[PDB]
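Laid out below as structure tokens are two forms of one and the same protein chain, each shown alone and named structure 1 and structure 2.
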Structure 1
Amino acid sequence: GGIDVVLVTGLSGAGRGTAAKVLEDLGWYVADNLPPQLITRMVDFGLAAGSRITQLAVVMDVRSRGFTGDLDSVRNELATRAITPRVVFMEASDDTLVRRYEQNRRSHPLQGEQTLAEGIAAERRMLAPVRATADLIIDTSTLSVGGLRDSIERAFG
């Protein structure tokens, strides 16, 4: 209960990692791609003296082992410790996501048996219910990195 927990999630390529880095610039301890089942371990570590963390941000998304799209089990276990996480959900238009993948030349996490476009759509379907529980949805369709820096500063300042 003595640690602010932020969960950063959302569409791949919408800026999860960039948003994580902004939080780091603001003084948050950021852990990326922690499996849901291990968040209680991380929170207990943060509460122990000597290794104390007062502001913890975890990036959890389609890559995270055992993440299915619902944070209910995560929210349940965190509540037994008097913690209510703030969930930030990154998204962007299909057109912006496609452009970012063409520019980086990375594979989409759900691409392989389907196209890049089909992977984006499958991720949108997977995450629509958790999106509706996010405390903050940030749409990066036309945001620069500096614009994301300002949006996050405004919400975590």
Structure 2
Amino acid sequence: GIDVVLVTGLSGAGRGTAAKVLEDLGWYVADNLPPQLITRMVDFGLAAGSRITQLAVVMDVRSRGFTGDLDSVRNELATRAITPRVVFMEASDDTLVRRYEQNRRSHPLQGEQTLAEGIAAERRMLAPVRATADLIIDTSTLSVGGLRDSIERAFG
């Protein structure tokens, strides 16, 4: 069949290094893949007569097309005699901040990706609260003063 490893974790905790180690060990690594492509890729490879028997996926969880859990992926893989192995990368807040600050110097596009992942997680976490808000104030493009003006106007 196919061995499947799924890599995820916190920004800066080492998902990129885990993918590099797996590639070095002979895995085919699909990076930034939202979960839907896993089954389609496995089904494709099975039909494709692929030499690839070891698939690792670095999961794109910062996408609206991803529920909170992996029970959907596990059950669909189960119907094809595959039990994925899930690897989760984490670290203390102090370590993650130190790595972000180093990324600002050495890998600025990685640093910007880290901010983008944090904001995407906030938006997903706050979505039920947003959906019940009585007033939403969008402060895009506003200066410090324009921010104050817009809120004063919104509150009457």
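So that the term is clear: the rigid core is the largest set of C-alpha atoms that superpose within 1.5 Å between two forms. For numbering, take structure 1's sequence and count from 1.
Summarising the superposition on the core between structure 1 and structure 2, the listed residues 31, 98, 126, 26 contain exactly one with a Cα shift of 2 Å or larger, 126.
A displacement of 2 angstroms or greater separates the C-alpha positions of residue 111 between structure 1 and structure 2, with the rigid core held in common.
For residue 51, a C-alpha deviation of 2 angstroms or more is recorded between structure 1 and structure 2 after rigid-core alignment. A displacement of 2 angstroms or greater separates the C-alpha positions of residue 67 between structure 1 and structure 2, with the rigid core held in common.
After superposition on the rigid core, the Cα atom of residue 76 is displaced by 1.1 Å between structure 1 and structure 2.
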